[PDB]
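Student: First the structure, which I've put down as structure tokens, then a few questions once you've had a look.
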Amino acid sequence: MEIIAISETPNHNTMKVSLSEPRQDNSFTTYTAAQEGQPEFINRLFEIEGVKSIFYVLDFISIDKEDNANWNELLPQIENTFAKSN
């Protein structure tokens with residue numbers, strides 16, 4: 001529902017986002033594309049060049065982005081989505 005925190009791994013553009021998400025449909029599937037009626041937490045990411053796929057499963061998610069991506073720009077982007085609902 002809302003990002004609890006961000007695990008900064010010794011990677012470059014790969015990081016794990018831990019959060020208490022619903023297990024109702026803890027299905028695994030790779031998708032990426034901004035579209036109406038679709039979770040804003042995913043659409044906002046597509047608005048940035050770098051993301052190629054997003055995996056959703058369990059209470060954690062893994063985002064794959066090129067080396068030319070910087071979370072320093074996404075923070076204010078995604079935070080807006082949560083900030084609104086929150």
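If you're wondering about the labels, chains in the structure tokens are A, B, ... by order shown, residues count from 1 in each chain, ligands from 1 in order shown.
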Neighbouring residues of residue 49 in chain A were defined as those with any atom within 9 Å, considering only C-alpha atoms; residues of the same chain fewer than 4 positions away were excluded. Please report them as number ranges by chain.

Tutor: A: 45, 65-66, 68-69

Student: Could you pull the residues within 12 Å of range 33-38 of chain A, counting only C-alpha atoms, minus those fewer than 3 positions along the same chain, as a list in words?

Tutor: residues 30, 41, 42, 43, 44, 45, 46, 47, 48, 49, 51, 52, 53 and 54 of chain A

Student: Residues of the last selection are to be written out with C-alpha atoms, as a CSV table (one decimal), in the first residue's frame.

Tutor:
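Just written: result-v7.csv:
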chain,number,residue,atom,x,y,z
A,30,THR,CA,6.6,-8.8,-15.0
A,41,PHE,CA,2.8,3.1,-8.1
A,42,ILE,CA,3.8,1.4,-11.4
A,43,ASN,CA,2.7,4.0,-14.0
A,44,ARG,CA,4.9,6.7,-12.4
A,45,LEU,CA,7.9,4.4,-12.9
A,46,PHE,CA,7.2,4.0,-16.6
A,47,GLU,CA,7.4,7.8,-16.9
A,48,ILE,CA,11.2,7.4,-16.4
A,49,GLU,CA,13.6,5.9,-18.9
A,51,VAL,CA,12.9,0.6,-16.3
A,52,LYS,CA,12.5,-2.6,-18.4
A,53,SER,CA,10.4,-4.8,-16.2
A,54,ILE,CA,8.8,-4.9,-12.7

Student: Considering only alpha helix (DSSP H) as DSSP defines it on the backbone, what residues of chain A qualify? List them as a list in words.

Tutor: residues 40, 41, 42, 43, 44, 45, 46, 71, 72, 73, 74, 75, 76, 77, 78, 79, 80, 81, 82, 83, 84 and 85 of chain A

Student: So that I have them on file, write out the residues from the current selection with N, CA and C atoms, as a compact mmCIF listing (two decimals), in the first residue's frame.

Tutor:
# COMPACT_ATOMS: atom_id res chain seq x y z
N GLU A 40 -0.89 3.44 -9.84
CA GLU A 40 -0.04 4.61 -10.09
C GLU A 40 1.38 4.33 -9.62
N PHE A 41 1.52 3.41 -8.67
CA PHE A 41 2.84 3.08 -8.14
C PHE A 41 3.72 2.44 -9.21
N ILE A 42 3.10 2.04 -10.32
CA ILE A 42 3.82 1.40 -11.44
C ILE A 42 3.87 2.34 -12.64
N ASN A 43 2.78 3.06 -12.86
CA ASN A 43 2.71 3.97 -14.00
C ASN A 43 3.74 5.08 -13.88
N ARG A 44 3.94 5.58 -12.67
CA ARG A 44 4.88 6.66 -12.44
C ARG A 44 6.30 6.23 -12.81
N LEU A 45 6.60 4.96 -12.56
CA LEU A 45 7.92 4.43 -12.88
C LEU A 45 8.14 4.39 -14.39
N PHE A 46 7.10 4.07 -15.15
CA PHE A 46 7.24 4.01 -16.59
C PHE A 46 7.53 5.38 -17.17
N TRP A 71 17.50 6.69 -8.67
CA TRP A 71 16.35 6.76 -7.79
C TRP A 71 16.21 8.16 -7.19
N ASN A 72 17.28 8.94 -7.26
CA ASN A 72 17.27 10.29 -6.71
C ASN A 72 16.19 11.14 -7.38
N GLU A 73 15.76 10.72 -8.57
CA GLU A 73 14.73 11.44 -9.33
C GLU A 73 13.36 10.80 -9.12
N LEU A 74 13.33 9.49 -8.89
CA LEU A 74 12.06 8.79 -8.68
C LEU A 74 11.45 9.14 -7.34
N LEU A 75 12.30 9.27 -6.31
CA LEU A 75 11.83 9.59 -4.96
C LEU A 75 10.69 10.62 -5.00
N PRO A 76 10.96 11.81 -5.48
CA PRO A 76 9.91 12.86 -5.56
C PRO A 76 8.78 12.47 -6.52
N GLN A 77 9.06 11.56 -7.45
CA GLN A 77 8.05 11.13 -8.42
C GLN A 77 7.02 10.19 -7.78
N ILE A 78 7.52 9.12 -7.18
CA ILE A 78 6.66 8.13 -6.53
C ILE A 78 6.07 8.68 -5.24
N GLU A 79 6.90 9.39 -4.47
CA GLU A 79 6.46 9.95 -3.19
C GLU A 79 5.16 10.73 -3.38
N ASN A 80 5.00 11.30 -4.57
CA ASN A 80 3.79 12.06 -4.87
C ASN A 80 2.57 11.14 -4.83
N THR A 81 2.72 9.93 -5.37
CA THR A 81 1.62 8.98 -5.40
C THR A 81 1.19 8.62 -3.98
N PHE A 82 2.16 8.23 -3.15
CA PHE A 82 1.87 7.87 -1.77
C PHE A 82 1.42 9.08 -0.97
N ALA A 83 2.10 10.21 -1.19
CA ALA A 83 1.77 11.43 -0.47
C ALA A 83 0.30 11.77 -0.64
N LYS A 84 -0.21 11.57 -1.85
CA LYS A 84 -1.61 11.86 -2.12
C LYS A 84 -2.52 10.99 -1.27
N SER A 85 -2.43 9.68 -1.48
CA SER A 85 -3.27 8.74 -0.75
C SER A 85 -3.04 8.89 0.75

Student: Report, in Å to a single decimal, how far apart CA of residue 24 in chain A and CA of residue 56 in chain A are.

Tutor: 12.4 Å

Student: Do you know which residues are at most 12 Å from range 20-23 of chain A counting only C-alpha atoms, after dropping those on the same chain fewer than 6 positions away, and could you put them as number ranges by chain?

Tutor: A: 1-5, 56-61

Student: Return the single residue from A:7, A:13, A:86, A:18 that is closest to residue 67 in chain A, with distances computed using only C-alpha atoms.

Tutor: A:13

Student: Apply DSSP to the backbone of this structure and, from chain A, keep only the residues in strand (DSSP E); write these as a PyMOL selection string.

Tutor: chain A and resi 5-7+15-18+30-31+51-57+60-65

Student: Please produce a file of those selected residues containing C-alpha atoms, as a CSV table (one decimal), in the first residue's frame.

Tutor:
chain,number,residue,atom,x,y,z
A,5,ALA,CA,11.6,1.8,3.3
A,6,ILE,CA,14.2,1.2,0.6
A,7,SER,CA,17.1,-1.3,0.9
A,15,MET,CA,17.4,-2.0,-5.1
A,16,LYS,CA,14.8,-3.9,-3.1
A,17,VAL,CA,11.7,-2.2,-1.7
A,18,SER,CA,10.3,-3.7,1.5
A,30,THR,CA,6.6,-8.8,-15.0
A,31,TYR,CA,4.8,-5.7,-16.4
A,51,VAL,CA,12.9,0.6,-16.3
A,52,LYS,CA,12.5,-2.6,-18.4
A,53,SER,CA,10.4,-4.8,-16.2
A,54,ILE,CA,8.8,-4.9,-12.7
A,55,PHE,CA,8.2,-8.0,-10.6
A,56,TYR,CA,5.4,-8.1,-8.0
A,57,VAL,CA,5.3,-10.9,-5.5
A,60,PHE,CA,8.4,-7.2,-1.5
A,61,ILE,CA,9.1,-6.0,-5.1
A,62,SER,CA,12.2,-5.9,-7.4
A,63,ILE,CA,12.6,-3.1,-10.0
A,64,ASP,CA,15.0,-3.6,-12.9
A,65,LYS,CA,16.5,-0.3,-14.4
